[PDB]
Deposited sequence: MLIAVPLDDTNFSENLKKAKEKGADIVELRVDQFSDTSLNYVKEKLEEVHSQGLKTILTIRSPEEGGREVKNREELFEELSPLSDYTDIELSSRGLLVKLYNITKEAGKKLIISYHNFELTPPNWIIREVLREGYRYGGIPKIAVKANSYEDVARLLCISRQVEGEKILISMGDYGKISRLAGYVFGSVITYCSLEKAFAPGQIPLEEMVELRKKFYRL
């Protein structure tokens, strides 16, 4: 699996350098956490990541799913999606799905279609619908939901197998930590790390690199 680390624009150059040295394959630009969202500022950031040999995920999280409103969000996608290896758009932002799929497809890039639930792991039918809709819109479905028990972790992983295809599975919280490593066996293609952990369940980049080697020989 590929290892990604989210980053805002603070001390960016040095954090990118650290992400590289520590083994990150991807840097996710959380533009919703940027103090500057001009098309050039973000473009240069994407280019700087590529300059270091890493891939990028262009994310501009909507406020309803843990992000913040970005006035020129749609413009950023139009202009930068063709330049980022991946673009993460929320399944809930229905009006941009077809549009971002066409843009990424034509540019030979990939679309991640995400769903986040910071409170609980939804019923199985919802898990399956999110996955099926993601594939229906031509993207890599991503599900990030808080586990309130170990059962919630097992359930998310097991139910995901009922909808075939590469996907991204994350059980957030202390209970779901194991999902960040074990997800691979269930078809999860990307795992997300912290550049030390600041929240329950996170795993530092350096540690995940060694775990990936120990369990999957990469």
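A single segment of the deposited sequence is absent from the coordinates, namely 196.
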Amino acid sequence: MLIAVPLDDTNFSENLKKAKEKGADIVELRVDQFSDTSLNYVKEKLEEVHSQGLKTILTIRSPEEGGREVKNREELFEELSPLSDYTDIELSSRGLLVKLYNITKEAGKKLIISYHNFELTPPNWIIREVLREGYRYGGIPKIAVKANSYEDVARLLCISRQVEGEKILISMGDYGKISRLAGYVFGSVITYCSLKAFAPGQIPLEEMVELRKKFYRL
From here on, numbers count along this sequence of modelled residues.
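For the two regions 58-66 and 169-177, the entry's Cα B-factors average higher over 58-66. Averaged over CA atoms, B-factors in the entry run higher in 101-109 than in the other of 101-109 and 85-93. Residue-level inspection of the entry shows that, of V153, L39, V27, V163, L39 has the top Cα B-factor.
The PDB entry gives the largest Cα B-factor of the residues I127, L76, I140, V145 to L76. In this PDB entry, the Cα temperature factor of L205 sits in the middle third of its chain's modelled residues. Placement of the Cα temperature factor of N117 within the chain: middle third of the modelled residues, per the deposited record.
Annotation for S35: CA B-factor lies in the highest third of the chain's modelled residues. Among the modelled residues of the chain, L7 sits in the highest third by CA temperature factor in this PDB entry.
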